[PDB]
Amino acid sequence: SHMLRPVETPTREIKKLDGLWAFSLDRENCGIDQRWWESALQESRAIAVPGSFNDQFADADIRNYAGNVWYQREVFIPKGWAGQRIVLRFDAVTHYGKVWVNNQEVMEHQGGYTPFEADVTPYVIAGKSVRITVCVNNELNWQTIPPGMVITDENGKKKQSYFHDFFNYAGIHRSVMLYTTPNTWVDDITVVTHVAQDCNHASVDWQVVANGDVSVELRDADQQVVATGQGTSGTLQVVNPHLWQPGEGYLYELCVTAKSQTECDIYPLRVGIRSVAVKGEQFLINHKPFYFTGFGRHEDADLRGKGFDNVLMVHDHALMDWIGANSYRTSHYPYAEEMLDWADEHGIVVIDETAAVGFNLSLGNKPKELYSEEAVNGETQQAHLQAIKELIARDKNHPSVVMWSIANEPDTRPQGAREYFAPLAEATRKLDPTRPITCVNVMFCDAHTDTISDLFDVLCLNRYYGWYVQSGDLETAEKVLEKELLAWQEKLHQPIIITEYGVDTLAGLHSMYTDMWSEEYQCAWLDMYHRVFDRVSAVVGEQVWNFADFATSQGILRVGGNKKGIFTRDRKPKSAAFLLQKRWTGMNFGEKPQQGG
Amino acid sequence: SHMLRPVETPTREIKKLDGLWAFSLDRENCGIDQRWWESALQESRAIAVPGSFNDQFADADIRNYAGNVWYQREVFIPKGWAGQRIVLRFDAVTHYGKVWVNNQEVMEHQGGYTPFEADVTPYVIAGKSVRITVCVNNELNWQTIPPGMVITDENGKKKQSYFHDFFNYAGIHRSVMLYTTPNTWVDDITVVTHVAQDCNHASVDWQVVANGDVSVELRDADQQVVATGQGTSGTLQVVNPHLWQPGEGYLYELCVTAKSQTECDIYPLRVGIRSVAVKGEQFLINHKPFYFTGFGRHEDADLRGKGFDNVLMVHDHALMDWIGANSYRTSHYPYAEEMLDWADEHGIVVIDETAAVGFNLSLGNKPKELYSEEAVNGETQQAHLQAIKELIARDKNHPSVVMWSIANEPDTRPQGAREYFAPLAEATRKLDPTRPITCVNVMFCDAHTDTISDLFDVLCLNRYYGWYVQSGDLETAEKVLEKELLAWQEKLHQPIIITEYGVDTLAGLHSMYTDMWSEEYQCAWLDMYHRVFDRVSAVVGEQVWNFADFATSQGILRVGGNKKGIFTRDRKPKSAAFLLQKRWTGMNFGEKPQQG
C-alpha cells in the first residue's frame, strides 16, 4: 500500500521504541487460544526494542527458539491528539507480527524487513493509556521471503532450517512508533528527476493526497524556493543547477501540502536530482561512468542481533568513509530506512536488495525439484512479488538507491527458474522504470549454465568461495576468474559488478606461508581480484564480501558465526582493511582504474 | 533544585535522544565568542545521543580531545502542551554543559552523571520548532569532581591529565527529554520505610509542590489502595507482611496528587519496604544478615563510551543473574537511573557511589600537598559536597540503594585528610539518615596508616593490586591478607565489604604454570581470596573487581583497557566466570558460607 516515512512537519509522532517491553516465550503455542493480548503477559521478562531477542538473554534455548514470541507494553496517547487520525506503525517486525491494542486486532504482516501501519484512531483516546501486544513469529517456509523448512522432530519440537548464511535473528529489529496526521491527507508520494548535460532539468511529481488539493514547492538547501507546482499530481518543474553527486549528495526539499476546506497537511520530502542509467557496459550516474567500491554489509552486531542502533551506524559509516568505500549493497534484505537516509545526505550509492536468499538447494530430506509445488511455487512467486512491491514502495524516492536487486544467488540451472523470474523481472520494471534491475548470481551458475541473467540490466557476481573450489591456489584462481569474467562480458555485454569477494580470515592469525585463514592470505586474495578487475573493461564495481564478521547458522564450514569481515564484529580492522584503504583512496573518486596503473 | 524522575500520566514527555544531532569540535575555541548557538553548526557532522563522542568516529584526534564540543538539534514542541509548563531535562551531560534554545541561554551544569532540568515555557512556542544547542566541556581541574589537570603545552595544545583508571569518556551519555507538567506541581518528593519486625511497619510520607493541595494515595502491586493520608507532608502508614526482599524485590506504588481550582496533577512513585541497618559487624536489609555478592562495574561498551543502552543493560543483568551476583556498586560515578529502577524491580542491592575518584596522588609536576590550596582546597570540598548532594537528591527513594559511598580510594596519608572528609561524612548523614555510609579504602592506607574509616558505618576495602604488591605470590598474599583483615576488624569492629578484588586476565591465555595474565591464574587468585573471606566473620561483602573489561586511560600498565573483567568487553566469559557462578549459586541466597 501507500508508504511514507513518518517525519515531523505540523505532523507528529511519539517514539514507542523505548525498548523496555514485556517479553514471553510461547513454548506451547497457547498464547492465541488464551487471548494473551487481553491481560498482562504472564511470567514475562524485560526486553529491549529495537533488537533481536535471540542474544539479549545469553540463553541458548531462547536464541535457538522457533515459533511464537510475545511483546507487550503500555503507552499514553498525547492528549493534544484529539481527533487527529492516530496511526500505530512498526518499521520492522522480523518475519511475522500480529498486533492488538487492547483486545482489538489491528494488524498482520509477513515481511521481516519492511514497515507496516494501521489507523488506530477509533481504538484509542487522547488522554488514555493503551496496552499494545505483539505476537512475533520467526518460522520460515517455502512461501516466505526468504524460504526455509521447519523440521518437527518426533517430540514435536520445532527446528528451523534455512538455506542462507546469516543467523535467523528475530524480534522487533526496528523502531515502533505512534504517529499523527490531519484527517485530510495521509500516505503517498512519487518523484522522478531527469537530467541532460548537467545543464538544467525537471522533476516529475505525482502523489495521492487522501482527499485534498495539493500544492508543491521545491526548496533549496538555503530553504529558498526554486520552483512551484499546483498540479495535484503530475507536476513537472524545471530547475537550473545542483545535481546529486555520489561525492556529496546535494539534497532539495519537496514540500507537499494538501489543502482541504478546513485542514492542512504538510510533508517535506528530500530530493536528490540525478539520473541513473546503464549504457552498454557502463553504469552512468548523471551520464558519468561510475565505479563502485565498498561492501556487502549485514545488519549484525554483538548483543542486539539485527536490531538497529544509532551508534553502530555512525561508527560503521566513519569506517567506510575512512576506507574509501563509495557504495554498498543491502545484502540479503532491506535495511532500516535511516541507513538510506544517511546515504542520501552523504551521497552514498546503494544497491537495494530484497530478502530473497536461499532459493538454492545446491550450496550444502530436501526437495529434488527446486521449482515445484512442494518447494518454490506460484504462491512463493506471489510472495516474492509482494516483497518486491513493499521494498520499492518504501525506497522509490531515495537518490542513494541506484538499482534494485530482486534476489541473491538463486539456483538458475533447473527447469522452472526462468519460468519463475521472468515474471518477477517484468513486474519490478513496471513498478519503477527509473532504476536498473539485477539478480545476484551464484558461482556455479556460470555464463554457460545460467539461464536468467539476460532478463536483467547489470551483472552482479558473487565470487566469494573462489577459494573453496580453487582450493586456495592464487595462480589458478586468477586464470579461471579472468576466463569467466570475459565469458560473461561477451555473453551479455552488460556492466559487471563483483558483489561478493573475500575469504574467511581469523583476526590475529598471521602466517609467513600466506595461507588460508591468515590475515596475509586475505590480502593476497583480495589483491588478486583487484588485478583482474583492472584488466576487464566490463567490470564497473567491486564490493568486498563483508564489512564485518557476522553470526551465521550452525555448520562445519563455520567458525564462530564466521569471519568474512574486513573488520571484526566489534569493528576492529584486520590487515586487509588498510589494503583496501590504499586502493580505494588512491583511486580517482568514482573512476575505474585504467589497466592497473 | 529538587529532583523528580519524569514518568507519564496526565503528565507527558518527548524523548529527543532521537540519536542524531549536528556535532562539531571547537579546537579554535571560537564557539561562545562567535555565538555558535545563534545559527546552524557549520562544518558539523552527525552524532548519536545518548553515547560518548570519543569512539563514535574511529578517530584518535577526536577521541583524546579536550575543550568544548557542540551539539545542536531542532525539535517540534507538541501542540497539546500550550497552557501547560514545558521543561528541558538532561539525564546526564558528562562534566559540563550549557544550553541555548534558539538564542535564549537556559542552562549550566557541572557534574557529568546527574540530571538537570529547566522551565523553558517562555522561550518555547507549542506549535513551532526550536533549535537546541549544547556546549559540552570535558576538562577537569582540582575543583572538579573527579579532580584533574590540563596541560596546555607551549604549542597551545590542551592535554587532560587525571588520576583515575577508566577513560575520560565525555559527551551526552544519557537521555535528553522535553517534558510536561501542569502549573500545579513542580519537582519535589521524599519517602521512608521503617520496618520494625516480622509483620508490618510504617512509611513516612513527604511532599513539596507549589500551587497544590496534596492527596497522597498508597497502592498495592494489584492496584488496590492499602493506605491513605491527607497531609501535604508528615503522612504515615502501617501495613501487613509484604516485604521487599533481595530475592524478589516486591514493590508498592505511591500515587501523589497536587491540586488547584485551575489544574490538577498525579505523580506516581514506587516504594520498597526495606530497612537498612548496621548491627555491630553485620549489614541489614529488614532485620537480617546479608552477604553481598557481585561486581564493581563500569558504564563502558564498544563504540558507545559511557552512553546508556537497553540491549546492553538487559544483557548484562542476564549475565549477573546467571552468575549469581546479588549486588554491585556504581563504581566511581552515578549510574543511569534505569539501572536503579531495574535493581528496584528485580531486588538487586546497590552500593551507590559518587564520581569522587582521583583524590590520591600516591598511585602513579604535581602539588606536594594533597590538601593544599594548590590542589584540593575548600573550593573543591564545596564542589564535592555539591556532588554528594545531587546524588542523594535523585537516589534517596530507590529501594535498591542500601548504602551510600562518598568517594573511592582517597589518599588518607597526607596531613589534614580528616579535616576535609569529617565534615562531608557528617553533612551527608543530615542529607540522608535512612542509609548507612562507607568510604572505599585504597590498599596502602591500612588501619594503621588510614585515619578516616572510623567516620564510616561499614568498611569497604579495595584489595585489587594484591597481586602486584605480592609480586604474584598466592602463598604470601593469603597470609598478609588475612592478617591485614583482622587488624581492620578489631580496630573498628565493623562490617567489612571487599569492594574490589581480581587480576588482569587476557582472555584466551592458558598456562600449565598458572602464571599471571592467564585465565587459570585468575581462578587461582579469586579462590585464595574466597577462603580467607570464609574464615573472617567481619567480611559481609565481596565484589569482584570488574564485571567486564573496560577502557582505561592511556597506560603503560594498561593492556587493551587492561583486561580486569570476568567478561570481555563484548561480554564473553573468561574461565573465572564459571568459578564465580559455581561458588555464588552454590550458596544460600544472601547467606554467608559457613566457616570454610
# chains A, B, ... in the order shown; residues from 1 in each chain; ligands from 1
>>> residues_around(residues="residue 59 in chain B", least_positions_apart="4", cutoff="10 Å", atoms="only C-alpha atoms", output="count of residues only")
8
>>> interface_residues(of="chain B", to="chain A", cutoff="6 Å", atoms="only C-alpha atoms", output="PDB file with N, CA and C atoms, in the first residue's frame")
ATOM      1  N   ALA B  48      25.450  10.639  17.570  1.00  0.00           N
ATOM      2  CA  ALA B  48      24.348   9.952  18.223  1.00  0.00           C
ATOM      3  C   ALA B  48      24.301  10.188  19.722  1.00  0.00           C
ATOM      4  N   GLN B  56      32.757   7.268  18.582  1.00  0.00           N
ATOM      5  CA  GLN B  56      31.761   7.162  17.510  1.00  0.00           C
ATOM      6  C   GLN B  56      32.348   7.303  16.095  1.00  0.00           C
ATOM      7  N   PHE B  57      33.579   7.818  16.002  1.00  0.00           N
ATOM      8  CA  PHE B  57      34.119   8.232  14.707  1.00  0.00           C
ATOM      9  C   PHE B  57      35.422   7.561  14.349  1.00  0.00           C
ATOM     10  N   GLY B  80      -0.408  20.078  21.913  1.00  0.00           N
ATOM     11  CA  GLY B  80      -1.250  19.909  23.093  1.00  0.00           C
ATOM     12  C   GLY B  80      -0.610  20.299  24.419  1.00  0.00           C
ATOM     13  N   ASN B 310      19.789   0.026  26.314  1.00  0.00           N
ATOM     14  CA  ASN B 310      18.904  -1.021  26.828  1.00  0.00           C
ATOM     15  C   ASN B 310      19.341  -2.471  26.551  1.00  0.00           C
ATOM     16  N   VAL B 311      19.696  -2.778  25.298  1.00  0.00           N
ATOM     17  CA  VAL B 311      20.229  -4.103  24.981  1.00  0.00           C
ATOM     18  C   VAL B 311      21.402  -4.415  25.931  1.00  0.00           C
ATOM     19  N   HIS B 315      21.125  -7.411  28.688  1.00  0.00           N
ATOM     20  CA  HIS B 315      22.112  -8.498  28.628  1.00  0.00           C
ATOM     21  C   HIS B 315      22.974  -8.625  29.897  1.00  0.00           C
ATOM     22  N   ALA B 318      21.281 -10.245  32.640  1.00  0.00           N
ATOM     23  CA  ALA B 318      21.056 -11.660  32.385  1.00  0.00           C
ATOM     24  C   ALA B 318      22.273 -12.415  32.867  1.00  0.00           C
TER      25      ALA B 318
END
>>> atom_distance(atom1="CA of residue 396 in chain A", atom2="CA of residue 197 in chain A")
23.7 Å
>>> select_by_dssp(residues="range 450-512 of chain B", states="alpha helix (DSSP H)", output="list in words")
residues 474, 475, 476, 477, 478, 479, 480, 481, 482, 483, 484, 485, 486, 487, 488, 489, 490, 491 and 492 of chain B
>>> closest_residue(among="A:17, A:516, A:548, A:469", to="residue 301 in chain A", atoms="only C-alpha atoms")
A:548
>>> residues_around(residues="range 528-530 of chain B", least_positions_apart="4", cutoff="8 Å", atoms="only C-alpha atoms", output="JSON, numbers by chain")
{"B": [474, 478, 524, 534]}
